[PDB]
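Let us start with two forms of the same protein chain, each given on its own as structure tokens and named structure 1 and structure 2.
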Structure 1
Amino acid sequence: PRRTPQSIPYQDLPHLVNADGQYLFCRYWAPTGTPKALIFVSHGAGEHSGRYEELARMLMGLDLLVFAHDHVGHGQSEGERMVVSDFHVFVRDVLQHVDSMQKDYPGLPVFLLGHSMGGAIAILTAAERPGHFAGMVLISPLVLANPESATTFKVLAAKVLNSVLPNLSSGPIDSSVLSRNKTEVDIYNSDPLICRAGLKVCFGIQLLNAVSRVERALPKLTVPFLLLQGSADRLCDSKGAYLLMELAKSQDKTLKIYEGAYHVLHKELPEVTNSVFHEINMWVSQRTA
């Protein structure tokens, strides 16, 4: 029988088979009553859906049915770790899961929540289905990568794109730039389901594709969104958040800047994280009443 990369049979776990025949591990948090809306949680590179337990439980407490899967190559889903044939695979698979849930739960509004790479996936998902999503919550979405990281990575990308170098990777990122909360950093460094290895160059190329595709999608984006961004973000440059606010056509767009905060706002210092949870709670509550 088919098993996760951690040797657990998929028959023992919630799952979905994607269009490429790959098993995706799924998570669900459903309220005891009739849901007011559905919301898909889109995780970022290297991590997995289990990192969203507390946010998901908050949203479920608002009577939303929260659902997620581990993207291909991540967590408990299948696929060579941190490989993707094309970035759109992630978007396609989100859409499959959304479409499946909308059948089981017809007539409900559907929201997207995405962090980091998962925020770029959310943007591209909404841009593919204009008018279909009720709203998007973006936590430091990948709109522009760190300019310094992008420049040096593009040099590595040149080698892989001009030669046959299938194993080339970037150096690992220093986990301390992910959050000022050292306990959250230590937890991230301890989770066996998180891939903390240096980025394979082929995957980083797909992140460059994500950035290019987000740029082209902005003038089409009309979905309501809440955008949360730290001013000291070394992964997704804050300039991308300002550009998203300026270039999206959405009539309902709000930006909250957390001064001094690092990339992972929902795992930051308690004052930041508590505010992040409260702001998402209010924004979703106002749009599901």
Structure 2
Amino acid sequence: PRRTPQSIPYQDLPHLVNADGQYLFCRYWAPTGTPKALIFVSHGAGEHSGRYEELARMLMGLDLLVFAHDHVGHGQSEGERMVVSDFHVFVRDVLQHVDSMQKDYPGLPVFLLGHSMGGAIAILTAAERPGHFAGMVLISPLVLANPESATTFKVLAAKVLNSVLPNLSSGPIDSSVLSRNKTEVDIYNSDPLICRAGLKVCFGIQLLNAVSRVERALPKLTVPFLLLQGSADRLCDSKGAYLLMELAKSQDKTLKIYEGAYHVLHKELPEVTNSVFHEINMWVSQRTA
């Protein structure tokens, strides 16, 4: 019996098998009646789909069918943890899931919501299907990395590759600098489905590939979007938010900057998180009326 990394049989769980034969754990939040639209939620590196429960419940309350999976190497899905052969695998697997849901609900508009790496995945998914998605909501998407961090990582990756240095990775995710809400930090840290290990050089290289590919995709993007960004984001530099506003060709694009807020806006201080939920609710409501 194929089992999750936590030893639970997939036969008992919602799942999909991707093109590489790997089982991905799925999550669904369906309203009681006919949905007005579909929305795929794309989580970031080191986390998983269960971290979106409250956002998904809000969106389902707007009569959308919300759906997600754990990206390969994450959460309850198969794969070596926080490894991917090529970043495109994530996008391919999103497109499989979206295509399979759309055929079950033909004619319904489909939105994307993504955070951080999951925002880069959203951008690249929309760009691979020009004109197809109804909208995207991006919470601190990975567009430009913090320049000092990116340089540090490139130097590390070069040392590791050009001197074959062993047992060296980049640092782990530091949740304490990614939200001001200490309670949320503690909740995240004790989640059994996150990855707390150092980021491997091979995965970092794929995140740099994502950044490069995002920049090439931006001038091609036409999908409507809402972009939410914290000014004190230590991971996804706010300069990237401005680059997305500048280069996307979308006729419907809006940016809200949260002054002083850190990266994880949907798990931030209550004044910020409450606003984030409100803004997403209004923006999606207006576009599914």
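Numbering runs along the sequence of structure 1, starting at 1. For the two forms, the rigid core is made up of the largest set of C-alpha atoms that agree within 1.5 Å on superposition.
2 Å-or-more CA mover between the two structures, where superposition uses the core and the choices are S100, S85, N189, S163: It is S163.
Core superposition result - C-alpha of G33, shift between the two structures, Å: A shift of 1.0 Å at the C-alpha.
Report, in Å with one decimal, the C-alpha displacement of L207 between the two structures after core superposition. The shift comes out to 0.3 Å.
C-alpha positional change at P172 between the two structures - rigid core reference, Å: Looking at the C-alpha of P172 between the two structures, the offset is 2.0 Å.
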